[PDB]
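**Student:** Quick one: structure below, then a few questions.
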Amino acid sequence: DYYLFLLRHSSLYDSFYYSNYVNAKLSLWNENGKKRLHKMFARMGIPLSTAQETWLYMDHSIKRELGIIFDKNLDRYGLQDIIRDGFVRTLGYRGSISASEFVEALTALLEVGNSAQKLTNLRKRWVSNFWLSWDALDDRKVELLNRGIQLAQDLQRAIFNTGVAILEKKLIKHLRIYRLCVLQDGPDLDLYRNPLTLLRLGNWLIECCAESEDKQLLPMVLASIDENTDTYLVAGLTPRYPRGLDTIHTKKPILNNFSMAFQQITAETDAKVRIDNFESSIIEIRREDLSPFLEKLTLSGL
Amino acid sequence: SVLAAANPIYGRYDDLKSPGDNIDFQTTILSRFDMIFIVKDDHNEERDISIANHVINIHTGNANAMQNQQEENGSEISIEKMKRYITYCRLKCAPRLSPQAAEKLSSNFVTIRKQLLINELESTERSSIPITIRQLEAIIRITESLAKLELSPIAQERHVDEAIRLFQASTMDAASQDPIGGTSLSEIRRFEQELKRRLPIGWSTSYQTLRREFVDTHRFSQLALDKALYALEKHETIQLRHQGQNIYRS
């Protein structure tokens, strides 16, 4: 199997287009990335009209020889780390599902489905979504999994559309210690009230940042807006090494000091925050209280 | 069913111009139609602010989210479901009237016919928008269509009242709008001097006494009411309060 987004449920073109690793390695947010992708497709030899069809109706011969095609073509572009070994489950005549696709469907179904009072309503919506995802586990239900797959596609589209705008605007401010970016305004910002969606966006952003020529490993801070509550949702993100690295420079995984920093700042200053999430690196802060807090975090020993 | 869009002569309606020469359609063609809506433009800057905000938000950067919530909170339904519902209702239901509704319809038709005669007699020209039996049939069909929404076998007063309201809107907006079209005006000046001379600023007089005195003189009753409501429309220094009895001069 490959580091691809819903390969067996979407077209191969979209599978290459939405893959995070491919995006990071080929810079698909500008036009040169699309030109390189078209060069890739032409040199492999799959027609552009053929590659834009469903995996079921995709040509049988090319589906059989895809492994050899990838092996011979990926070396020049340097994507030879996309090929791996995975698990596939088949039951009768239903079809084939992979572990990665199933977990993405589960994650998206958790994300989307169905002041203090509104926060409680959001939390009960989240627990209801958890129960619906739990119900989706059993083999007797498949309309609760096809819906999850289509919602995963939609959510990945939205994340890509927001990330391309962020990278256009260059909102990532490079401070001396840690990078910072704030989603002050934009479209569909109501989706990002979910911490797991925010983590997905941050994972894509940190992969894009890591797949660069910069030689600085700095933590990233990401924040959003919820205009109904007038509160910022701030999540701290750890840096990540490139996936194609040896084990000698893996003596210890990168730690996260954001929870310690937040707790120390809140215990030494009367800020109006609410640290109750099980993830100790995710907090809710006030719109007027964000900045002073930020300078404090700049001046405190991380 | 025919849904037609048209523009009056000289672009804008030009309300100062007579209603007779703002529309070029003949009497015959207008009779077949039964809901004539004259949408006029207006300026008060609050509706303008609202419309500007609405269009600015409806720009695709934001609306693509908000309308979605309208399908998540159940405030609106999608187009295809509406199509299925309308074809289902067209196939299944066909309502019918009740004697009380028939009496109310007959009374309303007589009332509007008499009001049309009054407006024609004051204006002294044929109305550019006629009222005939086709309009009575139209109101009946509007009541039946309203009852058809809820699949009710029988149409009752609850639908008839709303249909009558819709017809009143579509009538008072187009047909009976400014029938006067703007003894002549020699009396008009003569009256307006008397009110200033005899009724100072801040005081008030009863309607009955003024009507009595001016019917006693050459003014008579018909002349008084028209310019009474005109000076009220001017609203520069004439105000009504306390029903139709207190003629306050502002």
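Identifiers for the structure tokens are assigned positionally: chains receive A, B, ... in sequence, residues are indexed from 1 per chain, and ligands are indexed from 1 in the order shown.
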Taking only C-alpha atoms into account, report as a PyMOL selection string which residues of chain A lie within 12 Å of chain B.

**Tutor:** chain A and resi 113-114+158+185-191

**Student:** Against stretch 284-302 of chain A, which residues of stretch 226-268 of chain A fall within 10 Å? For each one I want the closest pair of atoms and the distance in Å (one decimal), counting only C-alpha atoms, rows by chain and increasing residue number, as JSON lines.

**Tutor:**
{"residue": "A:226", "atom": "CA", "partner": "A:287", "partner_atom": "CA", "distance": 9.7}
{"residue": "A:227", "atom": "CA", "partner": "A:287", "partner_atom": "CA", "distance": 9.7}
{"residue": "A:229", "atom": "CA", "partner": "A:286", "partner_atom": "CA", "distance": 9.1}
{"residue": "A:230", "atom": "CA", "partner": "A:287", "partner_atom": "CA", "distance": 6.1}
{"residue": "A:231", "atom": "CA", "partner": "A:286", "partner_atom": "CA", "distance": 4.6}
{"residue": "A:232", "atom": "CA", "partner": "A:285", "partner_atom": "CA", "distance": 5.1}
{"residue": "A:233", "atom": "CA", "partner": "A:284", "partner_atom": "CA", "distance": 4.7}
{"residue": "A:234", "atom": "CA", "partner": "A:284", "partner_atom": "CA", "distance": 6.1}
{"residue": "A:235", "atom": "CA", "partner": "A:284", "partner_atom": "CA", "distance": 8.7}
{"residue": "A:256", "atom": "CA", "partner": "A:302", "partner_atom": "CA", "distance": 9.9}
{"residue": "A:257", "atom": "CA", "partner": "A:302", "partner_atom": "CA", "distance": 6.6}
{"residue": "A:258", "atom": "CA", "partner": "A:302", "partner_atom": "CA", "distance": 7.8}
{"residue": "A:260", "atom": "CA", "partner": "A:302", "partner_atom": "CA", "distance": 8.3}
{"residue": "A:261", "atom": "CA", "partner": "A:302", "partner_atom": "CA", "distance": 6.3}
{"residue": "A:262", "atom": "CA", "partner": "A:297", "partner_atom": "CA", "distance": 8.0}
{"residue": "A:264", "atom": "CA", "partner": "A:300", "partner_atom": "CA", "distance": 9.0}
{"residue": "A:265", "atom": "CA", "partner": "A:296", "partner_atom": "CA", "distance": 7.3}
{"residue": "A:266", "atom": "CA", "partner": "A:293", "partner_atom": "CA", "distance": 9.0}

**Student:** Out of stretch 136-252 of chain A, which residues get helix (DSSP H, G or I) from DSSP, as a PyMOL selection string?

**Tutor:** chain A and resi 143-169+189-193+195-210

**Student:** Please save N, CA and C atoms of the selected residues as a compact mmCIF listing (two decimals), in the first residue's frame.

**Tutor:**
# COMPACT_ATOMS: atom_id res chain seq x y z
N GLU A 143 -23.66 1.81 5.28
CA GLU A 143 -24.06 3.18 5.00
C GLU A 143 -23.55 4.15 6.05
N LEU A 144 -23.06 3.65 7.19
CA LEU A 144 -22.39 4.46 8.19
C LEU A 144 -20.89 4.51 7.97
N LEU A 145 -20.39 3.90 6.90
CA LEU A 145 -18.99 3.96 6.51
C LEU A 145 -18.78 4.64 5.17
N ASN A 146 -19.69 4.42 4.21
CA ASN A 146 -19.62 5.18 2.96
C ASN A 146 -19.80 6.67 3.22
N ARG A 147 -20.72 7.02 4.12
CA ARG A 147 -20.89 8.41 4.52
C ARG A 147 -19.62 8.96 5.15
N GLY A 148 -18.97 8.16 6.00
CA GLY A 148 -17.72 8.60 6.60
C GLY A 148 -16.63 8.83 5.57
N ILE A 149 -16.57 7.97 4.56
CA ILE A 149 -15.56 8.12 3.51
C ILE A 149 -15.80 9.41 2.72
N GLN A 150 -17.05 9.67 2.34
CA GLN A 150 -17.33 10.89 1.59
C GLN A 150 -17.09 12.14 2.45
N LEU A 151 -17.38 12.06 3.75
CA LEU A 151 -17.08 13.18 4.63
C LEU A 151 -15.58 13.38 4.79
N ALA A 152 -14.80 12.29 4.79
CA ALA A 152 -13.35 12.42 4.82
C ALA A 152 -12.85 13.15 3.59
N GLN A 153 -13.39 12.80 2.42
CA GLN A 153 -13.01 13.51 1.20
C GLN A 153 -13.32 15.00 1.31
N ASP A 154 -14.53 15.33 1.78
CA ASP A 154 -14.92 16.73 1.91
C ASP A 154 -14.03 17.48 2.90
N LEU A 155 -13.73 16.86 4.04
CA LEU A 155 -12.90 17.52 5.04
C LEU A 155 -11.48 17.73 4.54
N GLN A 156 -10.93 16.75 3.81
CA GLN A 156 -9.59 16.94 3.25
C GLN A 156 -9.59 18.06 2.22
N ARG A 157 -10.65 18.16 1.41
CA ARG A 157 -10.75 19.27 0.48
C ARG A 157 -10.74 20.61 1.21
N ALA A 158 -11.53 20.71 2.28
CA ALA A 158 -11.59 21.96 3.04
C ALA A 158 -10.24 22.30 3.67
N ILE A 159 -9.56 21.30 4.23
CA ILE A 159 -8.26 21.53 4.84
C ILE A 159 -7.26 22.01 3.80
N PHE A 160 -7.26 21.39 2.62
CA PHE A 160 -6.36 21.82 1.55
C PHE A 160 -6.66 23.25 1.13
N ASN A 161 -7.94 23.59 1.00
CA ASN A 161 -8.33 24.93 0.57
C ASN A 161 -7.91 25.98 1.58
N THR A 162 -7.96 25.65 2.87
CA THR A 162 -7.52 26.62 3.88
C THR A 162 -5.99 26.71 3.95
N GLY A 163 -5.30 25.58 3.82
CA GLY A 163 -3.85 25.60 3.90
C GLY A 163 -3.21 26.33 2.74
N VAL A 164 -3.77 26.19 1.53
CA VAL A 164 -3.22 26.91 0.39
C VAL A 164 -3.35 28.42 0.60
N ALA A 165 -4.48 28.87 1.15
CA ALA A 165 -4.65 30.29 1.45
C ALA A 165 -3.65 30.75 2.51
N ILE A 166 -3.43 29.94 3.54
CA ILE A 166 -2.46 30.31 4.58
C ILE A 166 -1.07 30.47 3.97
N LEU A 167 -0.67 29.52 3.12
CA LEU A 167 0.66 29.56 2.53
C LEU A 167 0.79 30.69 1.51
N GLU A 168 -0.30 31.06 0.86
CA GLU A 168 -0.30 32.25 0.03
C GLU A 168 -0.07 33.50 0.86
N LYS A 169 -0.84 33.65 1.94
CA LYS A 169 -0.81 34.87 2.74
C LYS A 169 0.47 35.00 3.56
N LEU A 189 -14.56 28.94 8.77
CA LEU A 189 -13.78 28.86 10.00
C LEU A 189 -14.53 28.19 11.14
N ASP A 190 -15.84 27.98 11.01
CA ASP A 190 -16.60 27.31 12.06
C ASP A 190 -16.25 25.83 12.17
N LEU A 191 -15.69 25.24 11.12
CA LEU A 191 -15.33 23.82 11.17
C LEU A 191 -14.21 23.56 12.16
N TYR A 192 -13.37 24.55 12.43
CA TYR A 192 -12.14 24.35 13.19
C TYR A 192 -12.35 24.47 14.69
N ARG A 193 -13.60 24.48 15.15
CA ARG A 193 -13.88 24.38 16.58
C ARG A 193 -13.58 22.99 17.13
N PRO A 195 -11.01 20.15 18.09
CA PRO A 195 -9.56 20.00 18.30
C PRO A 195 -8.92 19.00 17.36
N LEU A 196 -9.63 17.93 17.00
CA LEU A 196 -9.04 16.94 16.10
C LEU A 196 -8.87 17.50 14.69
N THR A 197 -9.84 18.29 14.23
CA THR A 197 -9.69 18.97 12.94
C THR A 197 -8.53 19.96 12.98
N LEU A 198 -8.38 20.68 14.09
CA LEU A 198 -7.26 21.60 14.22
C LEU A 198 -5.93 20.85 14.19
N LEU A 199 -5.87 19.69 14.86
CA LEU A 199 -4.66 18.87 14.81
C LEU A 199 -4.37 18.36 13.41
N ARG A 200 -5.41 17.99 12.65
CA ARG A 200 -5.19 17.57 11.27
C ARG A 200 -4.58 18.70 10.44
N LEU A 201 -5.15 19.90 10.57
CA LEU A 201 -4.59 21.05 9.86
C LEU A 201 -3.15 21.32 10.28
N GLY A 202 -2.88 21.24 11.59
CA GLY A 202 -1.54 21.48 12.07
C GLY A 202 -0.56 20.42 11.61
N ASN A 203 -1.01 19.17 11.51
CA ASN A 203 -0.16 18.10 10.99
C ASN A 203 0.23 18.38 9.55
N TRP A 204 -0.74 18.79 8.73
CA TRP A 204 -0.40 19.12 7.35
C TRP A 204 0.57 20.30 7.29
N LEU A 205 0.33 21.33 8.10
CA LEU A 205 1.21 22.49 8.10
C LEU A 205 2.62 22.13 8.55
N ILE A 206 2.75 21.30 9.59
CA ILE A 206 4.07 20.96 10.08
C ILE A 206 4.79 20.05 9.10
N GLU A 207 4.07 19.18 8.39
CA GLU A 207 4.71 18.40 7.33
C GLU A 207 5.23 19.30 6.22
N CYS A 208 4.42 20.28 5.81
CA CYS A 208 4.86 21.21 4.77
C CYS A 208 6.08 22.00 5.22
N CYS A 209 6.08 22.46 6.48
CA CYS A 209 7.22 23.21 7.00
C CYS A 209 8.47 22.35 7.10
N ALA A 210 8.32 21.10 7.54
CA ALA A 210 9.47 20.21 7.67
C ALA A 210 10.07 19.90 6.31

**Student:** Per DSSP on the backbone, what are the strand (DSSP E) residues of stretch 59-248 of chain A, as a list in words?

**Tutor:** residues 88, 89, 90, 96, 97, 98, 173, 174, 179, 180, 181, 182, 220, 221, 222, 223, 224, 225, 226, 231, 232, 233, 234, 235, 236 and 237 of chain A

**Student:** For residue B:179, list every protein, DNA or RNA residue within 8 Å, evaluated using only C-alpha atoms, and leave out those in the same chain fewer than 3 positions away; present the list as a PDB file with C-alpha atoms, in the first residue's frame.

**Tutor:**
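Resulting contents of around-v9.pdb:
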ATOM      1  CA  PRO B  19     -51.181  55.728 -13.556  1.00  0.00           C
ATOM      2  CA  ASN B 119     -62.625  55.612  -7.138  1.00  0.00           C
ATOM      3  CA  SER B 123     -61.333  60.161 -10.825  1.00  0.00           C
ATOM      4  CA  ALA B 175     -55.159  49.406  -8.869  1.00  0.00           C
ATOM      5  CA  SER B 176     -56.221  51.681  -5.996  1.00  0.00           C
TER       6      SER B 176
END

**Student:** What is the distance, in Å and to one decimal place, between atom CA of residue B:118 and atom CA of residue B:178?

**Tutor:** 13.1 Å

**Student:** Find the spatial neighbours of residue B:225, counting only C-alpha atoms, within a cut-off of 12 Å - ignore same-chain residues fewer than 6 positions away - and output them as a short mmCIF file (atom, residue, chain, number, x, y, z; two decimals) with C-alpha atoms, in the first residue's frame.

**Tutor:**
data_model
loop_
_atom_site.label_atom_id
_atom_site.label_comp_id
_atom_site.auth_asym_id
_atom_site.auth_seq_id
_atom_site.Cartn_x
_atom_site.Cartn_y
_atom_site.Cartn_z
CA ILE B 188 -57.44 74.30 -1.76
CA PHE B 191 -59.06 76.20 3.05
CA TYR B 207 -63.13 66.86 13.50
CA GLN B 208 -66.91 67.13 13.84
CA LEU B 210 -64.65 71.66 11.49
CA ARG B 211 -66.73 69.40 9.25
CA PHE B 214 -67.25 73.83 6.45
CA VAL B 215 -70.38 71.99 5.31
CA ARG B 219 -66.83 73.87 1.32
CA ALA B 231 -52.22 68.04 4.81
CA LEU B 232 -51.78 65.03 7.09
CA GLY B 244 -60.00 60.40 14.20
#

**Student:** Which value, in Å to one decimal, gives the distance between atom CA of residue A:83 and atom CA of residue A:66?

**Tutor:**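 Atom CA of residue A:66 lies 11.6 Å from atom CA of residue A:83.
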
**Student:** Counting only C-alpha atoms, what is within 8 Å of residue B:37, bar same-chain residues fewer than 2 positions away, as a list in words?

**Tutor:**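 Residues near the query, excluding close chain neighbours: residues 35, 39, 170, 173 and 174 of chain B.
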
**Student:** Could you list, as a list in words, every residue within 10 Å of residue A:134, counting only C-alpha atoms and ignoring same-chain residues fewer than 3 positions away?

**Tutor:**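 Near neighbours after the sequence-gap exclusion: residues 106, 109, 110, 128, 129, 130, 131, 137 and 138 of chain A.
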
**Student:** Calculate how many Å separate atom CA of residue B:152 from atom CA of residue B:93, rounding to one decimal.

**Tutor:**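 Atom-to-atom, atom CA of residue B:152 and atom CA of residue B:93 are spaced 7.4 Å apart.
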